[PDB]
């Protein structure tokens, strides 16, 4: 229950972490747990390094998505104005 | 409004001039009396009742014609023109409301102190009193017509 939290809490969000540097926390020598993490995370597996791409991640904007609830909140807000009235 | 009259016979002045039957409408018509000139016609003349009839179909449309007159043709035109207004010079119209709220309130903040001088609500008035109701109603019109922005401009 700690080891899966290494994988969960390392990213997001770190730009990159070197290979042997993460091997210092996973212990062992060249475990298959980091291969299973190369599956579970996905995420990326790079040569002698690792990457959070892409990018950091999913890039929320959120553009016009929050404009719907921004209109929606004002709907019931105006309703509270009409309840006074 | 309007009115209605009827000529009583002047040659009947020897006989009884005092009908009618079903005096209800007579009682409501002669009222209020209502000055003098009106009463000067009780002799030689008598009024006659008026009541509207419907004809409620055309009356229904006749209501909606004047009411819809204030509404727009497409209904998205003048409301979106009030959305063009929603930022004008509306920030400047809200500066108009801001000056009414400073100027009326710093003189309406002396009124709770003056109530202790006169003790308490004896005449009076000043005024310079209240008027914030109209300010809140105009600001509420501003915020609602402005809340239409997120509905209209978006989709």
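Note: ideal-geometry Cβ built from the backbone for every residue, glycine included; neighbour counts use all protein chains shown. Bear in mind that the values in this text are calculations on the coordinates, not laboratory data.
I'd like the projected area of the protein assembly as shown, averaged over all directions, using the convex hull of its alpha carbons. Report it in nm² with one decimal.
34.0 nm²
With a/c under 1.5 counting as rounded, go ahead and sort segment B:1-62 into rounded, prolate or oblate using the C-alpha gyration tensor (a ≥ b ≥ c being the square roots of the eigenvalues; past the cut-off, prolate if a/b is larger than b/c, else oblate).
prolate
7 Å from Cα along Cα→Cβ at both residue B:4 and residue A:55: what's the point-to-point distance in nm?
8.5 nm
Quick check: the angle from helix A:65-82's long axis to the longest principal axis of chain A, C-alpha only, nearest 10 degrees?
The angle comes out near 30 degrees.
For a Förster distance of 51 Å, can you work out the FRET efficiency between the beta-carbons of residue A:14 and residue B:106, rounded to the nearest 0.05?
My answer for the efficiency is 0.35.
Just the Cα atoms of chain A: what Rg and Dmax do they give in Å?
Looking at chain A, its Cα Rg and Dmax stand at 21.7, 71 Å.
Which order do A:77, B:46, B:52, A:50 fall in if you start with the one that has the fewest other Cβ atoms within 10 Å?
B:52, A:77, B:46, A:50
Which value, in Å to one decimal place, does the Kirkwood hydrodynamic radius take for segment B:61-137 when every pair of different Cα atoms is included?
16.3 Å
Rounded to the nearest 10 degrees, what's the angle between the helix B:90-108 long axis and the longest principal axis of chain B, both from Cα atoms, 0 to 90?
80 degrees
For chain A, what's the relative contact order in percent, using C-alpha pairs closer than 8 Å and at least 6 residues apart?
That works out to 31 percent.
Relative contact order of segment B:1-99, please, whole-number percent, based on alpha carbon pairs below 8 angstrom and at least 6 residues apart.
Across segment B:1-99, relative contact order equals 32 percent.
Taking the Cα centre of each part, how many Å lie between segment A:32-84 and segment B:69-91?
Taking the Cα centre of segment B:69-91 as reference, the centre of segment A:32-84 is 36 Å away.
Please arrange B:33, A:52 by counting, for each residue, the other beta carbons lying within 10 Å of its beta carbon, fewest first.
So the residues, fewest neighbours to most, are B:33, A:52.
Given the -39500 (n - 2.57) contribution per DSSP H run of 4+ residues, what per-residue ellipticity at 222 nm results for the protein assembly as shown, rounded to the nearest 500 deg cm²/dmol?
-16000 deg cm²/dmol
Once you sort the root eigenvalues of the Cα gyration tensor of segment B:1-133 as a ≥ b ≥ c, which label holds: rounded (a/c under 1.5), prolate (a/b larger than b/c) or oblate (the other case)?
In terms of gyration-tensor shape, oblate.
In percent, what relative contact order does segment B:59-155 have, based on Cα pairs under 8 Å that are 6 or more apart in sequence?
Dividing the mean separation by the residue count of segment B:59-155 yields 42 percent.
Quick check on packing: order A:28-41, B:63-76 by the mean number of other C-beta atoms within 10 Å, highest mean leading.
Ranking, from highest mean packing down: A:28-41, B:63-76.
Which of A:45, A:70, A:26 moves most in a GNM of chain A, Cα contacts under 10 Å?
A:70
Order of B:144, A:9, B:83 from fewest to most other C-beta atoms within 10 Å?
A:9, B:144, B:83
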